[PDB]
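J.: Chains as they are written, first to last, in the entry's author numbering: chain Ac, 9 to 105; chain BL, 2 to 156; chain Bb, 2 to 82; chain BW, 2 to 130; chain Ap, 2 to 92; chain BN, 2 to 151; chain BH, 4 to 187; chain AR, 127 to 189. Built from N, CA and C at the ideal position, the CB exists for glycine as well. I have a structure here, written as structure tokens, and I will follow up with some questions on it.
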Amino acid sequence: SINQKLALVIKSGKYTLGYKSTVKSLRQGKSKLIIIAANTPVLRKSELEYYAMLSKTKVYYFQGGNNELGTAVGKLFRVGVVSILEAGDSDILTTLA
Amino acid sequence: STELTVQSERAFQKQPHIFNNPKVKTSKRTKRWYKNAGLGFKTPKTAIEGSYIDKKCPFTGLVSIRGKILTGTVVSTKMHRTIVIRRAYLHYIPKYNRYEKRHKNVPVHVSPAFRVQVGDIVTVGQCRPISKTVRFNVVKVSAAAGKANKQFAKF
Amino acid sequence: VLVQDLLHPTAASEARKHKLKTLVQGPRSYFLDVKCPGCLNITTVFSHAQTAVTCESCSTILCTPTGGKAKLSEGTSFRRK
Amino acid sequence: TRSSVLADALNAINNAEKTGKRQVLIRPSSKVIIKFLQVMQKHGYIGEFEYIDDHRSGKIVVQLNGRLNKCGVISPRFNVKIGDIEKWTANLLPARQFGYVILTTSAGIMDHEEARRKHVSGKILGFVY
Amino acid sequence: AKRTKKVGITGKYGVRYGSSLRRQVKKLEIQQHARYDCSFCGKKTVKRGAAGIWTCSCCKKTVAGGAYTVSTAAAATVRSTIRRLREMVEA
Amino acid sequence: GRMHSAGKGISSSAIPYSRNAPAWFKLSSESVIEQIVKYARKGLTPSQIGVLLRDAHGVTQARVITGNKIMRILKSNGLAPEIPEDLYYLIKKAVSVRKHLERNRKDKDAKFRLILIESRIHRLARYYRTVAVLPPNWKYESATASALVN
Amino acid sequence: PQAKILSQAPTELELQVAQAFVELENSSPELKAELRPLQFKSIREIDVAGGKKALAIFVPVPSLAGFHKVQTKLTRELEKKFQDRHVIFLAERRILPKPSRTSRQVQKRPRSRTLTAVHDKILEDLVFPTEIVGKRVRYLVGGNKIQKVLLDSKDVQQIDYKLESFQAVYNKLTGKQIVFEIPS
Amino acid sequence: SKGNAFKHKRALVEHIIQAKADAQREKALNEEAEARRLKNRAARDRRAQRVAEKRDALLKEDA
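Below, the structure is given as structure tokens:
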């Protein structure tokens, strides 16, 4: 039950999208939630686990590949990882999920 | 009319028997002869100032609307200065006492002052044969909304 | 009997027949003024909850919806408003 | 669906009248049937009928006094010219002296003898007798 | 435009070889040249390199699949049944 | 009834005759549009919000209390959804049915079912095309419609 | 101040009621922001069937809901100082003719200004506190027509001694017969 | 251009100049439309908060 609240982030909250933008948004420390697809290369997600651990920020594993994630974020292209800079009326940050 | 670069074709497209003179410069310097079609059909302002020729228009051309006046809807907007209207109507079959939706696609030469688009109810008038199949003229466009002004794509 | 006062049938008839086949399709459901000992705010709850109910002031569960009228929680004090 | 509320009205009355019921109920209670009922009401064919105005077009109840014998609708509503109104009645009326055919008209809704008298025609709504 | 009705890819074989032989090769030659989604990069870029070799054009991966598909049905059931045996032994 | 089924059910809501709010309502019209805004800002369906207006609140209906319907007031409030909820949830249903198809290709029962969703969409899309709720000359391409329904 | 609460300079004849509101000035909680802001338009007087008069004051309904809040309080105090009369509050509402096929087109006529809807709200104005549970109509055998009106038992106390006046004013205003009947 | 319907350059340029000509027109209509959305309505809607409590309501009837 995750896909319903991503539209809340895509419209209310502020996101950044893709790997390079995410790691920049982790380096700046602003990001608190990163959703990593399952199709993404395990090495790229492995060091995103590391960057997430360095920033002490929530990491969520999407239950599908980048195709599901790209549709879930609402964009007809594909997205490896999506970062949640700030979440509005969405509760994904405050919930354990 | 004035726009669309009417003076661009092979020949000199101006109203016959009009007097032009470069010696005397007058208030408007262009003479255009339009006549009201009559029977209550108003002369459009785009024709008062018109520079279109349309020698077969009732207003600026040399024809005359003498006969029937009909109505219909625009269905054929793929054609310059000529229109075909789908005039739906009914016919009474005697034996069964019931009615039957008929229609004919009559073509009419729109005077370029008027604007037509699909869905706009329009009026036409019989005159001398304009083309072989165009034997009417779009004397008045009674499309205050045309069933489409408030339904088009808006921004 | 073909001679019946459908205009003003007895109170037995209305509660017997279906709502939509009554003379006027009046709702038979209602809203309930309900309180909990752990809150200081009133809460109006529809008869058939249709979804979970929680007091704004204190986080709580009031009546879990079912197909019909919801089974209210154990320590729930209900009244018809 | 209910292609004609007038048709289902006159259908319902005949069904209950044949049963002999003293009261019949009609839905969804438009005015054309209400105007139709008035025409019977002035002609004694029908009794006191109570209109119930619920906020969804409501319904009616008609305390028919078991007086008429057959009221029906001509669907669809064929047009008619005054020269041919008598032609229609012969095929629908049990007798000339009694029984009426209802004509909707821009003048109003009336039975044929008055429509003939006031000399205006229209489309046929139904027949009563 | 619409160039052929039913020969499709096999119209290169001319009128020869019969219609049934062209029909069997038709339904596999389509699968042969059809481009497939990579299970690793997610782009519909997997092409058949050789008989049973499926090189994803990007991310330069290659998967040993069927000779005319990225993964045969008779092997998809292999993967499914391997899971349960691994699943039951461990848990 | 039952557009594409043999059912005959008539289970539905029958709202009261009375056109005014009950006596025990203690919210002004300006005090219920605030629950409208802060529930719509969360993106809940106009049907979905009214359920909680009914359940967690004393709001029976927008029309019985306010002067406009829920979907009417959202237009002035500036939270009009991209597409009407009927197409939105039907198409969202359509994508899910299709999403089941490309893997379980031998579901002819669900395959036939899809046409009932598609046909329901197209006739309904015709209505919104007539009244021009959606932009005219619109299509349900059935492939990239997911951009319209996330 | 007589005209400024009358909403119009005319007419000097019916100022006997306007002056009665402006003379309760020792009502500071009730005088301010709820009595001055009310500007009724016109007053009508009709002889009830009982030989007495009921005055039909017309309120322009810009804030009748606000006037409804103090309607219960104001009706009692108005009747006492203006005894042997019945007070009624009406929301005067524009009524436009139904356009004819020979008539020139005009702007659209909304459903509030329709003839049937004003009479719907006339019943609400006529009977403010008691919400009407339902309606009945009886089409008489002689061509007559009646509209029997149902009422709820709650807060009928402010109206049950004014039911006969309700019938008379509607007949005089509309030429239509109605009778009020309450179940239980 | 990758498909047909452009026989040559000047045939293309005619389509482009036509494409520019109308394209300029709908946004010109859009800008005129938006002008109406902020000229005939935006200020005249505020007329109810500046004069409605000014004329024939509070000045003449305040004595």
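Based on the DSSP secondary-structure assignment, which residues constitute the bridge partners of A57(BH)?
T.: Start at 1 with the first residue of the seventh sequence, and residue 57(BH) comes out as number 54. Its beta-bridge partners are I49(BH) and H89(BH).
J.: Is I92(Ac) near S29(Ac), with beta carbons less than 8 Å apart?
T.: Counted from its first residue, the first sequence places residue 92(Ac) at position 84. Counted from its first residue, the first sequence places residue 29(Ac) at position 21. For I92(Ac) and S29(Ac), no; Cβs fall outside 8 Å.
J.: Tell me the DSSP secondary structure of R107(BH) in three-state form.
T.: Reading the seventh sequence from its first residue, position 104 is the one you call residue 107(BH). The answer is coil: DSSP assigns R107(BH) none of H, G, I, E or B.
J.: Applying the 10 Å Cβ sphere with the 16-neighbour rule, what's the burial state of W34(BL)?
T.: Your numbering for residue 34(BL) matches position 33 in the second sequence. Classification of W34(BL): exposed, given that the 10 Å Cβ count is below 16.
J.: Could you spell out the range, first to last residue, of the beta strand (DSSP E) harbouring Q127(BL)?
T.: The residue you call residue 127(BL) lines up with position 126 of the second sequence. Its beta strand (DSSP E) spans residues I122 to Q127.
J.: Taking only runs that begin and end inside the segment 61 to 92 of chain BW, name each unbroken beta strand (DSSP E) of 3 or more residues, in chain order.
T.: 72 to 74
J.: Where do the N-terminal and C-terminal ends of the beta strand (DSSP E) with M111(BW) fall, by residue?
T.: Locating residue 111(BW) in the fourth sequence gives position 110, counting from the first residue. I110 to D112 is the extent of the beta strand (DSSP E) around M111(BW).
J.: Which residues, in chain order, does the segment 136 to 155 of chain BH contribute to contact with chain BN at a C-beta distance below 8 Å?
T.: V136 and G137
J.: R81(Bb) lies in the beta strand (DSSP E); which residues open and close that run?
T.: Taking the third sequence and counting its residues from 1, the one referred to as residue 81(Bb) is at position 80. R81(Bb) -> beta strand (DSSP E) spans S78 to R81.
J.: What span of residues does the beta strand (DSSP E) with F183(BH) cover, start to end?
T.: Counted from its first residue, the seventh sequence places residue 183(BH) at position 180. From DSSP, the beta strand (DSSP E) with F183(BH) extends over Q180 to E184.
J.: Going by beta carbon distance, what residues of the same chain come within less than 8 Å of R78(BW), once the five residues before and after it are set aside?
T.: Taking the first residue of the fourth sequence as 1, we reach residue 78(BW) at position 77. Only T105, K124, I125 and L126 meet the Cβ criterion.
J.: Any beta-carbon of chain BL closer than 8 Å to the one on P17(BN)?
T.: As a working mapping, residue 17(BN) is identified with position 16 in the sixth sequence. No - not a single Cβ of chain BL is within 8 Å of the one on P17(BN).
J.: Is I118(BN) a contact residue of the ligand FAD, with contact defined as CB to any heavy atom under 7 Å?
T.: Absent from the structure shown: the ligand FAD. Ligands present: none.
J.: At the level of alpha carbons, what is the spacing between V38(BN) and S98(Ac)?
T.: One-based indexing of the sixth sequence puts residue 38(BN) at position 37. One-based indexing of the first sequence puts residue 98(Ac) at position 90. Going by the C-alpha atoms only, they are around 15 Å apart.
J.: In terms of DSSP beta bridges, what is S19(BN) paired with?
T.: Position 18 of the sixth sequence, counting from 1, holds the residue named residue 19(BN). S19(BN) is not bridged to any residue.
J.: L21(Bb) CB to nearest chain BW CB: under 8 Å?
T.: Within the third sequence, the letter at position 20 stands for residue 21(Bb). Cβ-Cβ to chain BW under 8 Å: no for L21(Bb).
J.: What three-state label does DSSP hand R118(BW) in the structure shown?
T.: Taking the first residue of the fourth sequence as position 1, residue 118(BW) is located at position 117. Helix at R118(BW).
J.: Would a C-beta distance cut-off of 8 Å place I86(BL) and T78(BL) closer than the cut-off?
T.: Your numbering for residue 86(BL) matches position 85 in the second sequence. Your numbering for residue 78(BL) matches position 77 in the second sequence. Taking 8 Å as the Cβ cut-off, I86(BL) and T78(BL) do not qualify as a contacting pair.
J.: Give a yes or no on whether 8 Å exceeds the smallest Cβ distance from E37(BH) to chain BN.
T.: One-based indexing of the seventh sequence puts residue 37(BH) at position 34. It does not: the Cβ of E37(BH) has no partner Cβ on chain BN nearer than 8 Å.
J.: Give the residues of chain Ap in contact with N75(Ac), contact being defined as C-beta atoms less than 7 Å apart.
T.: Residue numbering aside, residue 75(Ac) sits at position 67 when the first sequence is read from its first letter. Within 7 Å Cβ-Cβ: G43.
J.: Going by C-alpha to C-alpha distance, which of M61(Ac), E57(Ac), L62(Ac) and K53(Ac) sits closest to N74(Ac)?
T.: Taking the first residue of the first sequence as position 1, residue 74(Ac) is located at position 66. Taking only the C-alpha atoms, the option nearest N74(Ac) is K53(Ac).
J.: Would DSSP call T67(BN) helix, strand or coil?
T.: The sequence position of residue 67(BN) within the sixth sequence is 66, counting from 1. Correct three-state label for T67(BN): coil.
J.: Locate the beta strand (DSSP E) running through residue 3(BH), then write down its first and last residues.
T.: Residue numbering for chain BH in the displayed model covers 4 to 187; residue 3(BH) lies beyond these limits and cannot be assessed.
J.: Kindly indicate the opening and closing residues of the alpha helix (DSSP H) around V46(Bb).
T.: For the purposes of this step, residue 46(Bb) is taken as residue 45 along the third sequence, with counting starting at 1. For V46(Bb), there is no enclosing alpha helix (DSSP H); the enclosing beta strand (DSSP E) covers residues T44 to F47.
J.: Please specify which runs of the beta strand (DSSP E), each continuous and at least 3 residues long, are wholly inside the segment 18 to 44 of chain BL, giving them in chain order.
T.: Correct list: empty.
J.: Pick out whichever of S12(BN), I16(BN) and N69(BN) has its Cα sitting closest to the Cα of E31(BN).
T.: Here residue 31(BN) corresponds to residue number 30 of the sixth sequence, with the count starting at 1. The shortest Cα separation from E31(BN) among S12(BN), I16(BN) and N69(BN) belongs to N69(BN).
J.: So that I know if they touch, is there some Cβ in chain BN lying closer than 8 Å to that of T52(Bb)?
T.: Walking along the third sequence from the start, residue 52(Bb) turns up at place 51. At least one chain BN Cβ lies under 8 Å of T52(Bb).
J.: My guess is that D155(BH) and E134(BH) are in contact by the Cβ rule of under 8 Å, so how many angstroms apart are they, rounded?
T.: As a working mapping, residue 155(BH) is identified with position 152 in the seventh sequence. As a working mapping, residue 134(BH) is identified with position 131 in the seventh sequence. Confirmed, Cβ separation roughly 6 Å.
J.: Are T44(BL) and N37(BL) touching if we call contact CB-CB under 8 Å?
T.: As a working mapping, residue 44(BL) is identified with position 43 in the second sequence. As a working mapping, residue 37(BL) is identified with position 36 in the second sequence. Taking 8 Å as the Cβ cut-off, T44(BL) and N37(BL) qualify as a contacting pair.
J.: Would you decide whether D55(BL) is buried or exposed? Buried here means 16 or more other CB atoms lie within 10 Å of its CB.
T.: As a working note, residue 55(BL) is residue 54 in the second sequence. Looking at its Cβ environment, which holds 16 or more other Cβ atoms inside 10 Å, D55(BL) is buried.
J.: Distance, Cα to Cα, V140(BH) vs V140(BL)?
T.: What you label residue 140(BH) is simply residue 137 of the seventh sequence in a count that begins at 1. What you label residue 140(BL) is simply residue 139 of the second sequence in a count that begins at 1. Computed Cα separation, rounded: 54 Å.
J.: Residues of chain Bb with a CB under 7 Å from the CB of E51(BW): which are they?
T.: Within the fourth sequence, residue 51(BW) is the residue found at index 50, counting from 1. Result: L8.
J.: In whole angstroms, what is the alpha-carbon distance linking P65(BH) and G44(BN)?
T.: Position 62 of the seventh sequence, counting from 1, holds the residue named residue 65(BH). Position 43 of the sixth sequence, counting from 1, holds the residue named residue 44(BN). Between the C-alpha atoms of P65(BH) and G44(BN) there is a straight-line separation of about 35 Å.
J.: My assumption, with CB atoms under 8 Å, is that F70(Ac) sits in contact with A46(Ac). Please give the rounded CB distance.
T.: Along the first sequence, read from residue 1 onward, the residue named residue 70(Ac) stands at position 62. Along the first sequence, read from residue 1 onward, the residue named residue 46(Ac) stands at position 38. Between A46(Ac) and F70(Ac) the Cβ distance is about 6 Å, and since that is below 8 Å, they are a contact.
J.: Please give the ranges of any beta strand (DSSP E) in the segment 7 to 75 of chain Ap, keeping only runs that are unbroken, at least 3 residues long and fully inside the region.
T.: 45 to 51, 54 to 57 and 63 to 65
J.: Once DSSP output is grouped into helix, strand and coil, what is the label at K72(Bb)?
T.: Position 71 of the third sequence, counted from the start, is the residue given in the question as residue 72(Bb). Of the three classes helix, strand and coil, the one that applies to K72(Bb) here is strand, per DSSP.
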